[PDB]
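Enquirer: Here's a structure for you.
Here the Cβ positions follow ideal geometry from the backbone for every residue, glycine too, while neighbour counts run over all protein chains shown. Derivation of every value follows stated rules applied to the coordinates shown; laboratory data play no part.
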Amino acid sequence: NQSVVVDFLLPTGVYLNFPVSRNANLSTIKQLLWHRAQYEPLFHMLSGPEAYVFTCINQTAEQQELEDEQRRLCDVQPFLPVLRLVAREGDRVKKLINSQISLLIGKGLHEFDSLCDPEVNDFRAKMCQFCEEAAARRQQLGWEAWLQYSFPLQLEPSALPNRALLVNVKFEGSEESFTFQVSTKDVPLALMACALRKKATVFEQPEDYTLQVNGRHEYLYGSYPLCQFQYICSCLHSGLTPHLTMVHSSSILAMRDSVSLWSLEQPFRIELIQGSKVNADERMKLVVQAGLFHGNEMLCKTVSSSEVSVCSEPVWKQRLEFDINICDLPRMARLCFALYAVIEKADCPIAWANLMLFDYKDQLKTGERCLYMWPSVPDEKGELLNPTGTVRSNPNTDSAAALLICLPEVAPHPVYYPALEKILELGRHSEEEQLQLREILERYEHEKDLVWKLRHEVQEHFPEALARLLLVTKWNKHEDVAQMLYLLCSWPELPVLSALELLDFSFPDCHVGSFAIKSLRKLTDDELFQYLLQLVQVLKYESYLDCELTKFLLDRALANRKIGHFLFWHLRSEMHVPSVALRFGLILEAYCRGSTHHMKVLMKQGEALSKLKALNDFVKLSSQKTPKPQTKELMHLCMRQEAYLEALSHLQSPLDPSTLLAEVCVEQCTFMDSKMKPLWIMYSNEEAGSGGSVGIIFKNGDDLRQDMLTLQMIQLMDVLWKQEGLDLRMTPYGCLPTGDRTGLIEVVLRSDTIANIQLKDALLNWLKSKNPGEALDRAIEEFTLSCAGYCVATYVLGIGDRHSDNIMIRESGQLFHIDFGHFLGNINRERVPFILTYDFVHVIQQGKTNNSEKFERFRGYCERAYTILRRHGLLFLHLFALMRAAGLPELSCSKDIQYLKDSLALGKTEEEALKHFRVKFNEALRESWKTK
Amino acid sequence: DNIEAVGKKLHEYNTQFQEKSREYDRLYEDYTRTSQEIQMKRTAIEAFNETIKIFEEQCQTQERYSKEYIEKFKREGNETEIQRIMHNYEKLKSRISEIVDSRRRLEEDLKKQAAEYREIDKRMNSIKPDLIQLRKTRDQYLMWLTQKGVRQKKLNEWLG
Ligand SMILES: C[C@@H](c1oc(=O)c2ccccc2c1C1=CCN(C)CC1)n1nc(-c2cc(O)cc(F)c2)c2c(N)ncnc21
Ligand SMILES: [Cl-]
């Protein structure tokens, strides 16, 4: 139905109930309300319409004062159609932001209050102050700094030939433009000057200008040459004339506007009182295994309770003493429970739960604690406990199972884990063996003790072996913990590569993570971006809410808008996961508060995303009943509705916020009538140029994280190759998870799949029909370079699942791989061989039988490509290690990482590795003929 | 005992493990789906509470605001003004009852779905021991045939 009856609560106590249109804006509803109110009592005591604001209860259960009255009631989306008039006055800016945050981050901000938690409340106090302040300091800086913040430089890696080519520059609010020639090695200041000279023909300074690539939020500035910019690099390669606009600084300003722990030598213990809401088999009996942990390793032996009979509310009431003293517990000591169901005496993991012993203020937890457990999932490892599992409580306190335990009072005063000054106190005072150390470090219980004895030598001569020396340390003895922490203070700064290793769950200590972040501060924004996905997943390993890694990510998010955008979506797309909903919720709130400009961008994207979900659901409801042409017509009729059209129109692309999705081309929109039924949405932009058309695929039903991870890794290789002067013409198109099994994929235009193009020498003739005459030599070189790149990439990453309909080719000649579903050999797995395909090998050789000259160049590209990845092999191992946090089925253990060790052959030397690669190559060249 | 009879058992036990793995993974989808629906129901109830609460502030206002204003025309001039106000008030109170009835219905479904959540988990925890014991059995037979020296090709054809 079109209309809807809305309840209206007037400030006099009077009540009105009349129908309004779902499409009416709130400004129109006030007018109608006032018109109706005049015929109800107490009207003469109301002030004017403009004196009041509507209030509603939004979908997240909070009062929201509806300041923007150009919004439709269907866009406001109140819980029940109920609006209350209230006084405008107050702190309207704080109230507006808090509501917008709740709606954007998914969770209502009241739910953080509802918890009654010091750690949450302290986190929200400290970070929101930090982010608000950083945003305030950002405003007081100049337009240049703001331009660097908002539109950071997009450069080509290495951040040679000096040919000349034309370039179009103009000024804002002017149809006419001045075309002129410049060189590739010119700085951007020199380009502006010629435009300002061309301006001064009949008739300012260059330093009060920047160049905007028109149709985009992408600006050319700084002390880099014109060639190093991605636009001019993409223009000079393609041949298109680079269009630019001269923006004034004022126009950029327009956009901008005493008890000791070690004295207590008593053994550790807990009272195990009760279970709760336990759903097990009544014939069986319940047992609770408990174990202390510091990372993956145990601090002492794992104790157990007695066998009580299975019921909803089992009652144990037992002391469970452990083989460790209260003084010996390290800062990150982690008590870990698992409730098991066992058969009648003379195993079913029911649930599990973990608890940090010390709290966030460093105090040892005392008294009763109710751990709402997480349900155990059967896995291949078959472990007893889940020490790597999350430390937060299960949010489903309504129906989830619980274990009631009580950590007893260790002393009358509250005892804390000692401060750094007293840690360094204990740590301060305390040719032959060097040969064995070299051999062990530069390559077990014997070896670990040698690493411990010569730890000063490890610090002195083997600084990069810090991770090894950490894992050999005995964290269940406080003397040993002090000594290792003492060395850590004076430990020399490690490179980014070594720091990444230290962010893994194996190193839970706060000082280690702090050291790790201390070494990641040298990251430039470009390189941070390559690891952002990995860093966000590591947040799931953190014990406490406030951590050095969280501060780091927010700092970089607030200093670079592009980084914050992707930080936001990475976090936002996991808010459906109870494990991280709270943690991620709190980081997103802090971000928003220091990023009110980008909130308006993110708000627009969210409502674009919300309409597409609805639009895809309608297409799913329609495609089962009706055929495609009618459903395609019915998709457009929905899209052309004001609510839809305005929401989908005029937004920054989530996949790239510099791309401007302006006018949706409804005629060119469509969907694929198989599988999850992904929407194909096309946009236009007359200000842009030849690449004025852009596309997005909205898919809802698959989890896009593994497709993003794989795409991200191919992008990394492409950067790593480019840095050594090798461009293999890859297409690492964008892929962004935005929600629960929901995301956007960047459309690569002017491309079909090999399967569709093949419907004798079909690919060679297709490339002829897209590159006739002298263009064909480009297309084959684009094919050969790219084919080599994706041959190596898919080999190294262990990518199965390849076939004619998930490899695509571009009209330029470039071959590229899409829709990555499986990797690292993978559910059982086998080694994927290196795979040459006859049809590709046919195109590479220009359609001949034997073309040894060309084929050797292709052989060389593969060898060189593969050799370069080997030089950065540890980067891939470390990055993949941290992705185990993501809980991907195919990336969840040490053997999944071992696949990359073997495929890159890190255990072999550089000569020996390339000899094996040749054998795999040739065998692939032979196997391409055989089998039919 | 013999390699054919053990390999034949490896095939039967793997099929049974694959079927049981599907049944658990199907039930686990329902545990998550139900888990999300209950949390949505829980927020909707808080939304009802917050709405009801706003209506009860309206009554407070209605009484406080009537009291003072009503005395000026309480038997002084027009008692028609009084009847419009109190009829309008009964219209407010009457709306609250519906919203309460709608809150009441969502409480009833949340109770019924809390029971459902609980029966999924109970059925999940009954399957786990058989799923695990079929995982170990499958693996022991694989280990036995590998020791006996059975080639990887022959193991593949048994595994599915
Ligand atoms: C297979 C093709 C495609 O995918 C659809 O889903 C679709 C939907 C409605 C209409 C056409 C389509 C098509 C086309 C079919 C035939 N056309 C001549 C070309 C386009 N495709 N698929 C991905 C793609 C890549 C991913 O990593 C993940 C993902 F989920 C999709 C993709 C891309 N990134 N860029 C370009 N084309 C792309
Ligand atoms: Cl409802």
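Enquirer: How large is the translational diffusion coefficient of the stretch A:240-345 in µm² per second when you combine the Kirkwood radius over alpha carbon pairs with Stokes-Einstein at 4 °C and 1.567 mPa s?
Expert: The calculation lands on 71 µm²/s.
Enquirer: Then there's this: Please compare each pair in B:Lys41/B:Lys111; B:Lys41/B:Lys112; A:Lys854/A:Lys908 to a cut-off of 22 Å on the Cα-Cα distance and tell me which ones are over it.
Expert: Beyond 22 Å between Cα atoms: A:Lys854/A:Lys908.
Enquirer: Same structure again: Need one number: convex hull volume per residue for the stretch A:615-736, Cα atoms only, in Å³.
Expert: Cα-based convex hull of the stretch A:615-736, divided per residue, equals 132 Å³.
Enquirer: Take the Cα atoms of the protein assembly as shown, build their convex hull, and give its volume per residue in Å³.
Expert: Per-residue hull volume (Cα only) is 246 Å³.
Enquirer: Calculate one ³J(HN,Hα) per residue across the stretch B:94-106 by plugging θ = phi - 60° into the Karplus curve 6.51 cos²θ - 1.76 cosθ + 1.60, and present them in order as whole Hz with x for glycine and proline.
Expert: Working through the residues one at a time gives 5, 5, 4, 3, 5, 4, 4, 4, 6, 4, 3, 5, 5 Hz.
Enquirer: Going from the alpha-carbon gyration tensor of the stretch A:1-50, what semi-axes, largest first and in whole Å, does one get by taking the root of 5 times each eigenvalue?
Expert: They are 20, 12, 8 Å, listed largest first.
Enquirer: For A:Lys901, give me every one of the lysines with a C-alpha distance below 26 angstrom, ignoring sequence neighbours fewer than eight places off in its own chain.
Expert: A:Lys381, A:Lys448, A:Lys540, A:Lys722, A:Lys915, A:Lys920, B:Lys153
Enquirer: Hey, which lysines would be in cross-link range of A:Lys285, C-alpha to C-alpha under 21 Å, not counting anything within fewer than 8 residues on its own chain?
Expert: A:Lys277, A:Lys317, A:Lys345, B:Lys122, B:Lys128
Enquirer: Rounded to the nearest 20 debye, what is the charge dipole size of chain B about its Cα centre when +1 sits on each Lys and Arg Cβ and -1 on each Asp and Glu Cβ?
Expert: 760 debye
Enquirer: Skipping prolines and chain starts, which residues have an amide H placed within reach, meaning under 5 Å, of the one on A:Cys327, given they are 5 or more residues away or on another chain?
Expert: When sequence neighbours closer than 5 places are left aside, the close amide H contacts are A:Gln266.
Enquirer: Rounded to the nearest 20 Debye, what is the dipole magnitude of the stretch A:375-421 about its Cα centre when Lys and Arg each give +1 and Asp and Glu each give -1 at the C-beta?
Expert: 60 debye
Enquirer: Let me ask you something else. Can you list the GluC sites (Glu not before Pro) in the stretch A:569-620 that are in a DSSP coil and have 14 or fewer other beta carbons within 10 angstrom?
Expert: Numbers: sites: A:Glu574, A:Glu589, A:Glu607; in loops: A:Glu574.
Passing sites in the stretch A:569-620 do not exist.
Enquirer: Based on other C-beta atoms within 10 Å, arrange A:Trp569, A:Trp143, A:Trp929 from fewest to most.
Expert: With the fewest neighbours first, A:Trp569, A:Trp143, A:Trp929 line up as A:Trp929, A:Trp143, A:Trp569.
Enquirer: Once every DSSP H run of n ≥ 4 in chain A is given -39500 (n - 2.57) and the sum is divided by its residues, what mean residue ellipticity at 222 nm do you get, rounded to the nearest 500 deg cm²/dmol? Before the final figure, lay out each step's value.
Expert: Values: 33 runs with 391 residues, N = 932.
Helix contribution divided over all residues of chain A: -13000 deg cm²/dmol.
Enquirer: Once the other residues with Cβ under 15 Å from the Cβ of A:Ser751 are scored (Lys, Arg +1; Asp, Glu -1), what is the net sum? Walk me through the numbers before you get to the answer.
Expert: Numbers: positive: A:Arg729, A:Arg750, A:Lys770, A:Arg810; negative: A:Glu746, A:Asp752, A:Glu782, A:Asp805, A:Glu811, A:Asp819.
Here the charged neighbours net out to -2.
Enquirer: Sequence neighbours fewer than 8 away in the same chain don't count; with that in mind, list the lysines whose C-alpha is under 21 Å from A:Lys699.
Expert: Leaving aside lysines fewer than 8 places away in the same chain, those within reach of A:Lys699 are A:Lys604, A:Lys611, A:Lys613, A:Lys620, A:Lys625, A:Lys628, A:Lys632, A:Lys675, A:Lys677.
Enquirer: Moving on. Provide the net charge surrounding A:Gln898, with neighbours chosen by a C-beta distance below 12 Å and charges set as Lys +1, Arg +1, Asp -1, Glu -1.
Expert: +2
Enquirer: Based on the mean of other beta carbon atoms within 10 Å per residue, what is the order of A:500-510, A:890-900, most packed first?
Expert: Working: A:500-510: 20.5, A:890-900: 16.9.
The densest-packed peptide leads the list: A:500-510, A:890-900.
Enquirer: Ordered by residue, what ³J(HN,Hα) values in Hz, to whole numbers, does the stretch A:232-240 give under the Karplus form 6.51 cos²θ - 1.76 cosθ + 1.60, where θ = phi - 60° and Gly and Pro are x?
Expert: Karplus values, whole Hz, x for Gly and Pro: 5, 4, 6, 6, 4, 5, 5, x, 5.
Enquirer: Hey, another quick one. Where the Cα atoms of chain B are projected onto their three principal axes, how long is each span, largest first, in whole Å?
Expert: 109, 20, 19
Enquirer: Of the options A:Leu470, A:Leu904, A:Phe917, report the single residue whose Cα projects farthest towards the positive end of the charge dipole of chain A (beta-carbon charges: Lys, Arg +1; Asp, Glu -1).
Expert: Toward the positive end, the furthest listed residue is A:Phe917.
Enquirer: Next question. When the Karplus curve 6.51 cos²θ - 1.76 cosθ + 1.60 is applied with θ = phi - 60°, which whole-Hz ³J(HN,Hα) does each residue of the stretch A:100-109 get, with x for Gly and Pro?
Expert: Working through the residues one at a time gives 4, 4, 4, 6, 7, 6, x, 8, x, 4 Hz.
Enquirer: Express the relative contact order of chain B as a whole percentage, based on alpha carbon pairs under 8 Å and six or more residues apart in sequence.
Expert: This gives 59 percent for chain B.
Enquirer: Neighbour counts of other C-beta atoms within 10 Å: give me A:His636, A:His576 arranged from fewest to most. Present the calculation step by step, with values, prior to reporting the outcome.
Expert: Working: A:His636 12, A:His576 16.
With the fewest neighbours first, A:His636, A:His576 line up as A:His636, A:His576.
Enquirer: For the stretch A:273-397, build the convex hull from the C-alpha positions and give me its volume per residue in Å³. Show your work: numbers first, answer last.
Expert: Numbers: hull volume 15.7 nm³, N = 125.
In the stretch A:273-397, the Cα convex hull volume per residue is 125 Å³.
Enquirer: For the protein assembly as shown, build the charge dipole from Cβ charges (+1 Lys, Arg; -1 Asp, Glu) around the Cα centre, then report which of A:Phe171, A:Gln266, A:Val415 sits farthest towards its positive end.
Expert: Of A:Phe171, A:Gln266, A:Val415, it is A:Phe171.
Enquirer: Among B:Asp1, A:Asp525, what is the fewest-to-most ranking by other Cβ atoms within 10 Å?
Expert: Neighbour counts put them in this order, fewest first: B:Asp1, A:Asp525.
Enquirer: Follow-up question, since we're still on this one. Find me the longest stretch of chain B that has none of the exposed trypsin sites (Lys or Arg not before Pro), where exposed means in a DSSP loop (not H, G, I, E or B) with at most 16 other Cβ atoms within 10 Å. Walk me through the numbers on the way to the answer.
Expert: Working: sites that count: B:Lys74, B:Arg75, B:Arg151.
It runs B:76-150.
Enquirer: How big is the charge dipole of the protein assembly as shown about its Cα centre, in debye rounded to the nearest 20, if each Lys and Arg gets +1 on its Cβ and each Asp and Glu gets -1 on its Cβ? Intermediate results must be reported in sequence, preceding the final value.
Expert: On the way: 135 positive and 150 negative charges, 407 e Å.
With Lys and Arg at +1 and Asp and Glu at -1, about 1960 debye.
Enquirer: So how tilted is helix B:3-73 from the main axis of chain B? Cα-based, degrees 0 to 90, rounded to 10.
Expert: With both axes taken from Cα atoms, the answer is about 10 degrees.
Enquirer: Tell me the mean residue ellipticity at 222 nm calculated for chain B from its helices only (DSSP H runs of n ≥ 4, each -39500 (n - 2.57), averaged over every residue, nearest 500).
Expert: After summing the helix terms and dividing by the residues of chain B, the value is -34500 deg cm²/dmol.
Enquirer: Another question about this same structure. Let me test this: with uniform point scatterers at the alpha carbons of the stretch A:545-648, what is the Debye-based log₁₀ I(q)/I(0) at q = 0.12, 0.18 1/Å?
Expert: -0.56, -0.87
Enquirer: Here's something else I'd like to know. How charged is the neighbourhood of A:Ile350? Take every other residue with its Cβ under 12 Å from the Cβ of A:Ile350, and add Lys/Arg as +1 and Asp/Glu as -1.
Expert: With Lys, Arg at +1 and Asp, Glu at -1, the neighbours total +1.
Enquirer: Sticking with this one: Would you be so kind as to identify which of B:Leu142, B:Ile38, B:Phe55 lies farthest towards the positive end of the dipole of chain B, taking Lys and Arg as +1 and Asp and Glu as -1 on Cβ and the Cα centre as origin?
Expert: Going by the Cα projections, it comes out as B:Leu142.
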